[PDB]
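Shown next are two forms of a single protein chain, provided one at a time as structure tokens under the names structure 1 and structure 2.
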Structure 1
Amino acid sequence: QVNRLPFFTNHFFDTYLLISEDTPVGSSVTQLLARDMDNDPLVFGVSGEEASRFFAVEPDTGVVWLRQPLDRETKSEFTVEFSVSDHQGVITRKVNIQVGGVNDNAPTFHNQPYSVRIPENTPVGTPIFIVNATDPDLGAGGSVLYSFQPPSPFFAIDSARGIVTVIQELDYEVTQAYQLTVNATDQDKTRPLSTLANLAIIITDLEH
């Protein structure tokens, strides 16, 4: 007769819950399970402004949906309060949700547009420009690899550091401006992503 309050029976409450950041919105991520000694019909929910922004809960079935895209690069851990109610009380428990990473970012260049003026007598070996692309993904998918695409016979860019170096004698009267495109890619062994950036190398000859 005196009501007994519901309690959760999911094990994840003791451990945690992992959701991949590429889980599309609408996907069910789990289903809350609760027990009630009175066998009252229960209603489920999620509490908290944040938790409620990213997660929705089916009140009768306790199925937990993904309401907003998860983005590990922005927030990688949630503590969410789930609620269960027999209509006489509301009981609450927090679970930790780790958002798993995916290579979902192309490298992104900084300090564009890229242009450099250099004299034609610039010696082979001279570093003339630093290119910089960042990639916020974890592991190989956030580790960037520079290259010229297509390759240049006059210039080389260091794969690790993005330092563009002159590798062959320049000749103003042949070429007075090169239009190279650099390719930054991450190194996800299976599904890499990549971005292109133009580099203007313009040659000068003051001693006509």
Structure 2
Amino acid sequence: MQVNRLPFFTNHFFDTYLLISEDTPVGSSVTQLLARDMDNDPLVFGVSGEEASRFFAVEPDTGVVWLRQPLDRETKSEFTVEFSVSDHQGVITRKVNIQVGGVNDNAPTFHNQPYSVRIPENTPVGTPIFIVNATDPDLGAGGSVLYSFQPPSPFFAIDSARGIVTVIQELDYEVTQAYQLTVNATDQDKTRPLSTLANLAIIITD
């Protein structure tokens, strides 16, 4: 009489990692578990543990793995999930490292708002008067911020990388007593750049 031999996984992703993009839609298949059994037993597949059961579901008869709720690289860049396979006599499990792939899905957020500054009408051309800052949590180009005025002002410029605002033309209180400028902070994602607006009030004094 032959004793039962338990099944074993054959996927090579168990020896490295499984990469899943954070923009993967819920319901989508992300891979298929594969296993073998020396008794040729029909196998049933599942997900096992808390974090795994949270994000993944498994078709029990095929081993297709599918996304039960959305991933978010900004929250969790990688994690470990345990899958099971059973020949109805015993259950074995194995862990896989999930690497969560990034896409640009946040716009920048400004720091230290509201933005307002009072400056004298005789502020010389070239004078830095204000610094805007915004951050963005996406990877790479999608996380690197550029600043601009929308539209550009003939009286003020903002450094595209540093957010430093300077006077570029002589001021005149009697002509303009205050400027309401829109600052745009954009990321630099190639295909889907995202951006955010803040107001900057510049009040000219006497």
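Along the sequence of structure 1, residues get numbers from 1 upward. Under this definition, the rigid core comprises the largest set of C-alpha atoms superposing within 1.5 Å between the forms.
| Given a rigid core superposition of the two forms, which one of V29, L145, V43, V166 has its CA shift by 2 angstroms or more between structures 1 and 2? | Among the listed residues, the outlier is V43.
| request: For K94, decide whether the Cα shift between structures 1 and 2 is 2 Å or greater, given a superposition on the rigid core. | output: Stays below the 2 Å threshold, so no.
| Can you give the CA shift of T175 between structures 1 and 2, in Å, with the two forms fit on their core? | So the C-alpha of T175 has moved 0.5 Å between structures 1 and 2.
| How much does the C-alpha of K189 move between structures 1 and 2, in Å, when the core is lined up? | Rounded to one decimal, the shift is 2.5 Å.
| What is the magnitude, in angstrom, of the C-alpha shift at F7 between structures 1 and 2 when the rigid core serves as the superposition reference? | Its C-alpha position differs by 1.3 Å.
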